[PDB]
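Enquirer: Any chance you can model this:
(2 chains)
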Amino acid sequence: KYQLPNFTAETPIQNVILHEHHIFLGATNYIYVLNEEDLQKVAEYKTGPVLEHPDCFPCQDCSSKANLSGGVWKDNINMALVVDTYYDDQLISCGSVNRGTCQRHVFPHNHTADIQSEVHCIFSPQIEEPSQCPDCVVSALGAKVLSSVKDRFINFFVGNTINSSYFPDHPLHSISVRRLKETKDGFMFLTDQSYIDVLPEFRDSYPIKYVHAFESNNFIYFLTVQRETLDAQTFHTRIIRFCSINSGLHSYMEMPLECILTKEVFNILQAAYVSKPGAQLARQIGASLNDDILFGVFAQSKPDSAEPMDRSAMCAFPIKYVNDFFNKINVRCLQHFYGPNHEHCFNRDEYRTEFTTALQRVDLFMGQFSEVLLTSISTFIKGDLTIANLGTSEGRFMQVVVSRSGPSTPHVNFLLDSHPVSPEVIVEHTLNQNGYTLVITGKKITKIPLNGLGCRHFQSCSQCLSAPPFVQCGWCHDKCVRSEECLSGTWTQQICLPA
Amino acid sequence: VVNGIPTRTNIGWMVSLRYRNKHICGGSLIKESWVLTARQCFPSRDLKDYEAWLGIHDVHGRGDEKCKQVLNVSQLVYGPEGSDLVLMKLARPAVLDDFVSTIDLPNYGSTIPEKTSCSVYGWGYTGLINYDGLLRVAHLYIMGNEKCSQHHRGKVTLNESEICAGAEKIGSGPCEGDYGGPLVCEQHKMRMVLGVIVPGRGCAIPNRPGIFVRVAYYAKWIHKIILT
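Expert: Numbering: from 1, shown residues only, chains lettered A, B, ... in the order given. The coordinates are given below.
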């Protein structure tokens, strides 16, 4: 039982951002602001329960229809949360509710907890092509939003699960790329090549969960769970990669990914973090001290389904190899976007390519976790060591060392609040290679230090001197901990005085 | 352009770039067959979709039947990796009456003294309920980069290839639909295009100058493309 900085909200936490020494939780009907230092709530802003209506349009609000003839009151799930800083510093947040319509909170030039005083909804009315809806960003039923500055424009890349609720004049797109207007009052799609959509026919058949997205090496990557093939029973994780451009989605390709036990396959990616490796791991997996690797915590499918069983395995893909597999000289065509029939698909910027074989890699834990459901991963370097921060459906949080050579057992293992661990995670470093992870559990965010922890559970000097050396604990008179974190002039890894 | 006025009459170097039939961007006509403009101006790669209207005053050509010249675009030549410059070749030279003129250009190494007075020009956004569509002009003075960095408060640091102009104490300046447009100054005697409008970090923010692209930094390259 550990004792850590422990903030609890009154509603579930979807999303989390750290900005200028504050923490912004994007929550059901709420956005919170906590202090980075102690996690005390400084400010709230109520995105609060909101009323849906055919007549009540998407950036205008209404208690002017509250009495209702066919209008429902609705919970405002946070889907996206982006701090932007190219323009004057602002929080951009995108709820599930008014056809997926973001608002900006503009921080005044000193109070940073002020999500509240200047807030504009973002929906410019559509006049050239009244069919389109570029201010309809997020999907109520699953979105990932990744924002990046490019060519002096703020760009938004967006994965959206989509369900054939044929919305007249406000459709959603499965992946897409749109920029803000410098007038800050609307997004725009640059050309008709800037979205790729599941075909109307398959929009239900079955869908595409978007687990993760990240930019690296001048491509944008999405991580995804979907349909080994259409109307084809069994599920599946892919990468999606395309050129980082405003102008549209360019070199688009989805390639399957396989995690295996050693074939025992883990086809449902659960969470993923991207980081550089430490030397030990580096050497082992193809290396490069300064390379991006995708750590992915996967899971085994309940047969004929997409729901995960309590079987986990994590395994790591360096994006440098991902690209090789994408680039090198076979290749199918995008069955869900084109027809399975008609041109382009009977042929070979312009084309959209599926891959027929996965890039496979083996569990790095070797089954260490093949009886629990890992739901969250994060990663860091300590000297030569690479360390996973793991999270579980049972609520367990644990720090492990990543290695092929060595089947390591976690040096930290314990219960966070009985609610499962959330895949949405923050890691932030501080000088000299420590820092902390922020870790969401049901509706509580916890500030687990990256480093000292694996010592705190030794209740006695002897025991403490007996700990795994890499953790670097010592005995500080009455407690067990690493040197920096020890008060007085004493501290050993060798001597216990007659207590 | 936000917080500027209608231009008395039309302006010779001014070019409206049009993608898929509506106007999208400004452009300075620098020689009979060359419009200098910004890269953020080309969503398509297919040059079919574009068209360059010359010697106009009304963004929609409304006043100007007797001056308008519409030309197809034959080539795009993007400038060096850093820049957002692109040189547009039109498929047949513009014909130079009084309504169509080229603007001059700086010498490669050249500077400009501070507080040198300038103008931006455009059919882009004006924040007006009903923009009448006429060319608009806003006046700025050239600020140094050294001060310009401190006016943007650490948010940006300018390359020797960027240049600043602002108006004293107020909000005015180019915006959406203005890009590719000229920042034009004068000193020696005549008029030169000295910066190229590229997207900012907000339109007409009171007391935060606009950063444009130093044409002087790129003049060599421009010349080796246009002179022929």
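
Enquirer: okay, now the residue of chain A found nearest chain B: neighbour count?
Expert: Here the residue of chain A nearest chain B is residue A:152; by Cβ to the nearest Cβ that distance is 4.0 Å. C-beta coordinates here come from the backbone N, C-alpha and C atoms, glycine included. By other Cβ atoms under 10 Å in any protein chain shown, 19 other residues sit near residue A:152.

Enquirer: repeat for the one 3 residues further on
Expert: As a burial measure, the neighbour count of residue A:155 was computed by other Cβ under 10 Å and equals 21.

Enquirer: same check, this time on residue B:33
Expert: 18.

Enquirer: Near chain A, which residues of chain B? Just list them.
Expert: Counting by Cβ under 8 Å from any Cβ of the partner chain, the residues of chain B close to chain A are B:22, B:39-40, B:42-45, B:84, B:125, B:127, B:155, B:175-176, B:198-203, B:205.

Enquirer: helices or strands up against whichever helix in chain A runs longest?
Expert: Taking DSSP state H as the assignment, the helix of chain A that covers the most residues is helix A:319-327. Counting by 3 or more Cβ pairs under 8 Å, 6 or more residues apart in numbering or on different chains; DSSP states H and E, the packing neighbours recorded for helix A:319-327 are strand A:219-225, strand A:237-243, strand A:253-260, strand A:293-301, strand A:359-362.

Enquirer: In TSV: the ones you listed, plus distance to residue A:321.
Expert: As requested, the helices and strands packed on helix A:319-327 are exported to TSV (distance: least, Cβ to Cβ, whole Å):
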stretch	distance to residue A:321
strand A:219-225	13
strand A:237-243	11
strand A:253-260	11
strand A:293-301	9
strand A:359-362	7
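
Enquirer: So which of those is the most surrounded?
Expert: strand A:293-301 (a mean of 24; mean count of other Cβ atoms under 10 Å in any protein chain shown).

Enquirer: tell me the angle that strand makes with strand A:253-260.
Expert: 70 degrees (axes from the mean of the first three to the mean of the last three Cα atoms, to 10 degrees).

Enquirer: what's the neighbour count on the nearest residue to residue B:78 once chain neighbours are set aside?
Expert: Of all residues not flanking residue B:78 in the chain, residue B:86 sits nearest, at 4.9 Å (Cβ to Cβ, 6 or more residues apart in numbering or on different chains). Residues within reach of residue B:86, counting by other Cβ under 10 Å, total 21.

Enquirer: Return the set of residues that bridge with residue B:86.
Expert: residue B:37, residue B:78 (DSSP bridges).

Enquirer: correct me, but it touches residue B:42?
Expert: Yes - the pair residue B:86 and residue B:42 passes the contact test of Cβ atoms under 8 Å, sitting 7.1 Å apart.

Enquirer: show me what contacts the residue lying closest to the residue of chain A closest to chain B once chain neighbours are set aside?
Expert: With sequence-adjacent residues excluded and distances taken as Cβ to Cβ, 6+ apart, residue A:152 is closest to residue B:199, at 4.0 Å. Neighbouring residues of residue B:199 by Cβ atoms under 8 Å, 6 or more residues apart in numbering or on different chains: A:151-153, A:182, B:40, B:179.

Enquirer: Recalculate using a threshold of 10 Å.
Expert: Neighbour list for residue B:199: A:151-154, A:179, A:181-182, B:38, B:40, B:84, B:174-176, B:178-179 [criterion: Cβ atoms under 10 Å, 6 or more residues apart in numbering or on different chains].

Enquirer: Over to residue A:196?
Expert: A:173-177, A:240, A:242, A:248-249, A:252, A:254, A:334, A:336-338, A:352.

Enquirer: Sort out which one of those lies nearest residue B:100 for me.
Expert: residue A:248 (33.5 Å; Cβ to Cβ).

Enquirer: Look up the closest residue to that closest one, ignoring the ones flanking it.
Expert: Residue A:248's closest residue in space is residue A:193 (Cβ to Cβ, 6+ apart), at 3.8 Å.

Enquirer: for that neighbour, helix, strand, or coil?
Expert: coil (DSSP: H, G, I helix; E, B strand; the rest coil).

Enquirer: Helices along the chain, start to end?
Expert: Going with chain A. A:279-285, A:319-327, A:461-465.

Enquirer: try again with chain B
Expert: B:145-151, B:219-226.

Enquirer: Let me have those in JSON lines, extended by mean neighbour count and distance to residue B:102.
Expert: As requested, the helices of chain B are exported to JSON lines (neighbours: other Cβ atoms under 10 Å in any protein chain shown; distance: least, Cβ to Cβ, whole Å):
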{"stretch": "helix B:145-151", "mean neighbour count": "15", "distance to residue B:102": "28"}
{"stretch": "helix B:219-226", "mean neighbour count": "16", "distance to residue B:102": "10"}
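
Enquirer: wait, doesn't residue B:67 sit right on residue B:94?
Expert: No - counting by Cβ atoms under 10 Å, residue B:67 stays clear of residue B:94, with 11.4 Å between them.

Enquirer: Between those two, which contacts overlap?
Expert: B:54-55, B:100.

Enquirer: from those, which is closest to residue A:223?
Expert: Nearest member of the shared contacts of residue B:67 and residue B:94 to residue A:223, counting by Cβ to Cβ, is residue B:54, at 49.3 Å.

Enquirer: okay, now the closest one: neighbour count?
Expert: By the criterion of other Cβ under 10 Å, residue B:54 has 26 neighbours.

Enquirer: Residue A:304 against residue A:267, yeah?
Expert: No - using Cβ under 10 Å, residue A:304 is not in contact with residue A:267; the gap is 11.8 Å.

Enquirer: Common neighbours of those two, please.
Expert: The contact lists of residue A:304 and residue A:267 share A:234-235, where a contact means Cβ under 10 Å, 6+ apart.

Enquirer: Compare those two (neighbour count), which wins?
Expert: For residue A:304 versus residue A:267, neighbours defined as other Cβ under 10 Å are more numerous around residue A:267 (22 against 8).

Enquirer: Contact partners for the more buried one?
Expert: Per Cβ under 10 Å, 6+ apart, neighbours of residue A:267: A:225, A:228, A:234-237, A:256-260, A:298-301, A:306, A:308, A:358.

Enquirer: Also residue A:372?
Expert: A:299, A:310-312, A:390, A:392-394, A:396, A:398 are the contacts of residue A:372 under Cβ under 10 Å, 6+ apart.

Enquirer: hmm, try it at 7 Å
Expert: Counting by Cβ atoms under 7 Å, 6 or more residues apart in numbering or on different chains, residue A:372 touches A:310, A:312, A:392, A:394.

Enquirer: Between those, identify the one with the most neighbours.
Expert: Going by other Cβ under 10 Å, residue A:312 tops the contacts of residue A:372 with 29 neighbours.

Enquirer: Quick check: the residue lying closest to that residue once chain neighbours are set aside vs residue A:391, distance?
Expert: In this structure, residue A:312 finds its nearest non-sequential neighbour in residue A:374, 4.0 Å apart by Cβ to Cβ, 6+ apart. For residue A:374, the distance to residue A:391 (Cβ to Cβ, to the nearest Å) stands at 7 Å.

Enquirer: Max pairwise distance over the contacts of residue A:372: which two?
Expert: Longest span within the contacts of residue A:372, Cβ to Cβ: A:312 and A:394, 11.5 Å.

Enquirer: Domains in the chain, by residue range?
Expert: You didn't say which chain, so I picked chain A. Recorded structural domains for chain A (assignment: curated CATH domains) are A:1-450, A:451-499.

Enquirer: You answered for a different chain; I wanted chain B.
Expert: Using curated CATH domains, chain B is parsed into the domains B:1-11+B:103-217, B:12-102+B:218-228.
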